[PDB]
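See below for the structure under consideration.
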Amino acid sequence: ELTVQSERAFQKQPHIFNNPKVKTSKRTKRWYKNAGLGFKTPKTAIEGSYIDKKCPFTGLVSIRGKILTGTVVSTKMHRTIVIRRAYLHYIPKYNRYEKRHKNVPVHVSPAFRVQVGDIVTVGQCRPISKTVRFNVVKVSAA
Amino acid sequence: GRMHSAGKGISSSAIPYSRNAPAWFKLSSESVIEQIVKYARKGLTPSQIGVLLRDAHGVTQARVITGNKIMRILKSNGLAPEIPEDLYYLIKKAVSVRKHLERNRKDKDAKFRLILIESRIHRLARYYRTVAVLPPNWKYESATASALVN
Amino acid sequence: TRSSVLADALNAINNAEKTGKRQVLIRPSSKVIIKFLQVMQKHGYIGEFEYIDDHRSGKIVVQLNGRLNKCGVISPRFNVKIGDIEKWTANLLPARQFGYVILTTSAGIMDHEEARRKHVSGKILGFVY
Amino acid sequence: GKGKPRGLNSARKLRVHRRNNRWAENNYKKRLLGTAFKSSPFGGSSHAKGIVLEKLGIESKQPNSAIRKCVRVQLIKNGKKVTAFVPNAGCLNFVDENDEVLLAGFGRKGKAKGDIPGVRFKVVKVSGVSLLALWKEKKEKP
Amino acid sequence: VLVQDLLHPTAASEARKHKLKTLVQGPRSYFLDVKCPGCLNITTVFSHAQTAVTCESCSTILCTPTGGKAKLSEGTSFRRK
RNA sequence: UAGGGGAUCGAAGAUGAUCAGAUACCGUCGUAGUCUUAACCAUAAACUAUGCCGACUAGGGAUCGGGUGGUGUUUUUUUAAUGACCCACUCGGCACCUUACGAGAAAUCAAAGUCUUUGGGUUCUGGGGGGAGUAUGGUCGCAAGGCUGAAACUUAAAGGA
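Residue numbers (this note's numbering), protein chains in the order written: chain A, 33 to 174; chain B, 2 to 151; chain C, 773 to 901; chain D, 88 to 229; chain E, 98 to 178.
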């Protein structure tokens, strides 16, 4: 990767123009944005060459509704990952909780370089796959 | 009550209360630093250092006399040893036992005791995982101990 | 181990007092406990009690009256909501009057009748009578 | 420190170690296999229709002698072949062979009553008109 | 006994009771400033050796280690401290 | 199961005794096994036939392990030193006596106590007697066998003190 065309199919962030007739300086564009909801829009976003539509910041996916975390469990997917949310639950009878967990499928951009272990905030997109819904938004390494 | 048998032993030291000085001792703090760092290359182990320090010179513990705890000091000076010392006697015991199991496969007592011991180690090796003092992954490997020391 | 502290000392205090020891010694000192007694005392159930330090987790003498009837530690430390204590008193207090159930909030390592005048509740460690 | 886990997170291990226990207690045995539908005559019931065969004679169990009155039946269902028991008099007479009879329990569950052995039912009606009457003479039979 | 100050008891009852219960714990072992006869030197030895230490350099011997307390040689003033 | 060991006991097997019979009791020999290495099996009256955590009630006198104090008992060596010892105290045992305020069907029980004044925490189990821990399936084992576990039928008692 890193090399950008790689996906035969060429790539661009749609509606972008540059102007081989007209003085060109800077040659390239970009389009970026700022999620929002108290975030910080990092600088490997307005710098990073890569494409990815499913990018929060460099593309056409909104973020609305959950805000949530947790602990990464596995990463082995070409731009996507997995989270746990070890949680607690209060049985009304023995008056006591249990350690329960659900795993979570989520997209992710090259702007972040997550290994396993890291604490991680995420959003909640329209739907983005078969399972898949949230989009990482902020990593929390060592 | 010792973690492996039917045995409820009691016996340590009744560090004495005084934090500061012995007073009756009047030599310097720098003085013993020098002394330990003197000792180390020679061929030390922090455990022993104190013993030797105690039995001969002023000291009472490094601890009073300085604001550190031997090791800390060797570590500043770079003499810590690649291993956390208490470990480097356990692994040792491994080699020294396993070897004995293999002159006399017709010995159970010994066998068990070996395991027991493989385990002291894994647990103590899980801790000197956790806290940044064994490069992660370290795992102990039965057979790799004889060019790790001789 | 010693897996829990408050407990251990408390039990010995309902096993001093039964026999008529006028007092106690108890080992591992906490804040928790210092606070615990300071509640008990205000309410007329022990006196004085003469921390002792030894630079360690430390020892505490508790001079007697011969009043104490009984002060078990509860002990997960459950949770509790305000209007719920109204279930406890009558499942572990002889009366009502009296004799304090006792709990841990935020202020407060402080009983329930004072709790009304504060209107607060969290977790419920021991209880006296 | 009695034999059970007690602290806070000891929901998980409780909702199991009652759900195991319950087993043995006989009742919760009937209600999970529940027996009631497969085994036994009425299955998941209370009453039923049957039609008589012979008029069998069953003597006594013994602290007793007592030669009582029983009838085999054919139900109008599993078909079992059952016996059953008659009250009052001779009562026998009023159950004239291959007639329609209405059977019910014996208030004991399963089990087996008083001085009778493998016997577990009573004859309530005949033809459907009482027995109770076709012995206090409030009706008669076709 | 229905009662007693366990704060301060007798001095008795401590001397005998075990190091780790006199309330505040404190050691029994203690140190012992030794003139071998030849030299004036003065080495600071410990009551429970574990080591025999040599005296200063004279190469002399001193005090053997046993169960608990050294057995010190003949010459030695062994003033305590 | 396969090697080593194979003194003594000693099912099995043989015996002589006793006896109406005696394939048993009694006696003398006796493979196998008892013993060990390495591997299986997982049952027992595996027994306090009493789940563990805890917290609280009523007296004692012993003992093992610690610890504290007593110008405490000897040790004598010069005084100490320790050490054994005595006693005082305690914490942790392994039990025991005595009461019964309580509990119980009782016998008995400092726990089987704090339970119709019914509720501190939670895991297993049983619901008449047999049929039968069998028949079946399912499974662990090389096998012996284990764990799982019916029903039809029969019966007014079987049982505890």
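Ideal Cβ positions, reconstructed from N, Cα and C, are used throughout, including at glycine.
Contact set between residue i and chain E, taken where Cβ atoms lie within less than 7 angstroms
i                      : result
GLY894 of chain C      : The premise fails here: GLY894 of chain C is roughly 36 angstroms from chain E at the closest Cβ pair, so nothing lies under 7 angstroms.
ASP826 of chain C      : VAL121, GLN122
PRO17 of chain B       : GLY123, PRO124
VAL52 of chain B       : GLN147
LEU797 of chain C      : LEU103
residue 904 of chain C : A query on residue 904 of chain C cannot be resolved here, the shown segment of chain C reaching from 773 to 901 and no further.
Under 8 angstroms from the C-beta of residue i: neighbouring residues of chain D
i                 : result
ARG116 of chain A : Here the premise fails: no neighbours, minimum Cβ distance about 17 angstroms.
Residue i - partner residues in DSSP beta bridges
i                      : result
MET109 of chain A      : A:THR112
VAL168 of chain A      : A:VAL154
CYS157 of chain D      : D:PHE172
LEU100 of chain A      : A:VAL154
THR876 of chain C      : C:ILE881
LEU120 of chain A      : A:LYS131
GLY144 of chain D      : D:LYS156
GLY135 of chain E      : BP columns for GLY135 of chain E are empty, so no partner.
residue 296 of chain D : Residue 296 of chain D lies beyond the range of chain D shown here (88 to 229); nothing can be said about it.
Limits of the alpha helix (DSSP H) - the one that residue i falls within
i                 : result
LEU53 of chain B  : 47-55
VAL103 of chain D : 99-104
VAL134 of chain B : Looking at the DSSP string, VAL134 of chain B is not in any alpha helix (DSSP H), and its letter there is neither H nor E.
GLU886 of chain C : 885-890
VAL98 of chain B  : 98-102
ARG3 of chain B   : That residue, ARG3 of chain B, is in no alpha helix (DSSP H); it is neither H nor E in DSSP.
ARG774 of chain C : From DSSP, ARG774 of chain C is part of no alpha helix (DSSP H); its letter is neither H nor E.
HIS123 of chain B : 123-127
Rounded distance between the beta-carbons of residue j and residue i, thought under 8 angstroms
i                 : j                 : result
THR876 of chain C : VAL892 of chain C : Contact flag wrong, Cβ pair sits at about 10 angstroms.
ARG116 of chain A : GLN156 of chain A : Actually they are not in contact, since the Cβ atoms of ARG116 of chain A and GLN156 of chain A sit about 17 angstroms apart, beyond 8 angstroms.
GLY130 of chain D : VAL160 of chain D : That belief does not hold up - the Cβ atoms of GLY130 of chain D and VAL160 of chain D are roughly 15 angstroms apart, past 8 angstroms.
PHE71 of chain A  : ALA143 of chain A : Incorrect: roughly 12 angstroms between the Cβ atoms, too far for contact.
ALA171 of chain D : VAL182 of chain D : Not confirmed; about 10 angstroms, so no contact.
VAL98 of chain B  : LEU115 of chain B : 5 angstroms
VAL104 of chain A : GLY149 of chain A : 6 angstroms
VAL852 of chain C : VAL796 of chain C : Not confirmed; about 29 angstroms, so no contact.
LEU102 of chain B : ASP108 of chain B : 6 angstroms
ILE805 of chain C : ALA784 of chain C : That pair is no contact at about 12 angstroms.
Within chain E, partners of residue i - CB distance below 8 angstroms
i                 : result
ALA57 of chain B  : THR140, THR141, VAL142, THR148, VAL150
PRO47 of chain B  : Correct list: empty, because the minimum Cβ distance to chain E is about 16 angstroms.
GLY792 of chain C : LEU99
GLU789 of chain C : None at all; the shortest Cβ gap to chain E is about 11 angstroms.
Residue i, enclosing beta strand (DSSP E) - first and last residue
i                 : result
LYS212 of chain D : 210-213
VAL188 of chain D : 187-190
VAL138 of chain A : 136-138
Under 9 angstroms from the C-beta of residue i: neighbouring residues of chain D
i                 : result
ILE123 of chain A : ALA98, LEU101, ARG102
Where residue i meets chain A, residues with beta-carbon distance less than 9 angstroms
i                : result
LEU95 of chain D : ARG128, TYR129
Neighbouring residues, chain E, relative to residue i (Cβ below 9 angstroms)
i                 : result
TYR141 of chain B : Within chain E, no residue comes near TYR141 of chain B; the closest Cβ sits about 31 angstroms away, beyond 9 angstroms.
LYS831 of chain C : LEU120, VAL121
Listed by chain order, chain C residues near residue i by CB distance under 9 angstroms
i                 : result
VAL131 of chain E : Ordered by position in chain C, no residue passes the 9 angstroms Cβ test against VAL131 of chain E, which lies about 32 angstroms from the chain.
Contact set between residue i and chain B, taken where Cβ atoms lie within less than 7 angstroms
i                 : result
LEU169 of chain E : The premise fails here: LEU169 of chain E is roughly 13 angstroms from chain B at the closest Cβ pair, so nothing lies under 7 angstroms.
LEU137 of chain E : What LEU137 of chain E touches in chain B: nothing, since even the nearest Cβ is about 17 angstroms away.
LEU104 of chain E : None at all; the shortest Cβ gap to chain B is about 16 angstroms.
Interface partners of residue i on chain B, CB under 8 angstroms
i                 : result
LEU159 of chain E : Here the premise fails: no neighbours, minimum Cβ distance about 10 angstroms.
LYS116 of chain E : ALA15
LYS178 of chain E : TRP25
Which ranges does the alpha helix (DSSP H) cover as unbroken runs of at least 4 residues, wholly within the segment 787-835 of chain C, from first to last along the chain?
Correct list: 808-814.
Which complete beta strand (DSSP E) runs does the segment 9-48 of chain B hold, if anything under 3 residues is left out?
Considered as a whole, the segment 9-48 of chain B harbours no complete run of any beta strand (DSSP E) with no fewer than 3 residues.
Those runs of the alpha helix (DSSP H) which lie wholly inside the segment 42-67 of chain A and span at least 4 residues:
Those alpha helix (DSSP H) runs which fall completely within the segment 42-67 of chain A and span 4+ residues do not exist here.
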